[PDB]
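Just so you know, all these numbers are worked out from the coordinates, no wet-lab data involved. Cβ coordinates were reconstructed from backbone atoms using ideal geometry, including for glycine residues, and neighbour counts include every protein chain displayed.
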Amino acid sequence: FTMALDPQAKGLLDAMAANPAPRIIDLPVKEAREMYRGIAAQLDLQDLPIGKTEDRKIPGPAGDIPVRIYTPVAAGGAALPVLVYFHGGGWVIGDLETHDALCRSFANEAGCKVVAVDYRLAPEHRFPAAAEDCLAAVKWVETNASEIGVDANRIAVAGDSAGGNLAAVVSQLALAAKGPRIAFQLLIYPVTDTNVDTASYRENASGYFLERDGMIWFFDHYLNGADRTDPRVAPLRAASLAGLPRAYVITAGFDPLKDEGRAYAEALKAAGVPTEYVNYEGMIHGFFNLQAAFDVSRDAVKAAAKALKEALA
């Protein structure tokens, strides 16, 4: 295991190295968001089928929140379990389009409705705007479960990266508020803390798509000298994890976020929370949205979806 890096990942990274265009993090957010959209468009699966896709607005604490509601192909009329999904992108980039293929994948493979949330992004809306919107969305899904044909006893949350941060944080806030009821949290290479100097941060600092300098950039847009020890951005620092939703936690081997993701999984287990932890040793951060490029990505998305399905049975 000289480097256990997946050869499809090495191929991708080498190709990205040969590109002279500015890094996402050297750019104003307009270009950064567009650059990320273009990346997504080329490396994720296109033209996946869906039973139904519906865009609408729901009431939010600061104004309307756009959401996208996915129904599995050939779903019956019965009320379905529902996954509320928070996209990644360091709380700055990403949107309903960048993660659409992943949402379709979860809907079809897990057999659940998916509600993807277009939450407020930084720097236009700093912390805790994203968490406010994501919590509001889960509350709305629970309250209006009958209207959108879902089972309010089978609500899961999920997200990748900053979205996984939000899923973890929303779970904590919901527990503290005694609602909404969340039955599962699917944390895909999540941000769980604000220490950019863990062993995996320094070992995987550059060259693996998500870089240490990238996280610094994201944190600076998102956190406004906000307390970086605030558990609403650093859920690993919570006083207690007891009573949180059963979890499925994914980390990538060459991800600077590996150590804190694993740490959160360990701390959930130690607090008695049922937790399934899987690490993909050859993968890089962001690989759940690279299903067109990586064989392992398709396998991992299916595996996460099946865990979700089985948990909400």
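Observations on the model:
- Gaussian network model of the chain, Cα within-10 Å springs - most flexible of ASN224, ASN204, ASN165: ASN224
- Summary value for the chain: 19 percent relative contact order, contacts being C-alpha pairs under 8 angstrom separated by 6+ residues.
- Computed over the Cα atoms of segment 58-171, the ratio of the radius of gyration to the Kirkwood radius (Rg/Rh) comes to 0.95.
- Of all segments of the chain bounded by GluC sites (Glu not before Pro) found in a DSSP loop with no more than 15 other C-beta atoms within 10 Å, the longest spans 125-280.
- Segment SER240-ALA18, length gained on full extension (0.36 nm per residue, minus Cα span): 75.3 nm
- The Cα atoms of the chain cover 51, 43, 38 Å along the three principal axes, with the biggest extent listed first.
- Entry note, the chain: the mean residue ellipticity at 222 nm calculated from DSSP H runs of n ≥ 4, each adding -39500 (n - 2.57), is -11500 deg cm²/dmol after division by the residues and rounding to the nearest 500.
- Neighbour cut-off at most 15 other Cβ (10 Å), DSSP loop, trypsin sites (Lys or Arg not before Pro), segment 1-64: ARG23
- Distance violations [Cα-Cα > 27 Å] among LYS178/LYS309; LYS52/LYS302; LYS30/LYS306; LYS178/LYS302; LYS30/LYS258: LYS30/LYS306; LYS178/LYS302; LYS30/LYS258
- DSSP bridge orientation in the chain - percent antiparallel, rounded to nearest 5: 30 percent
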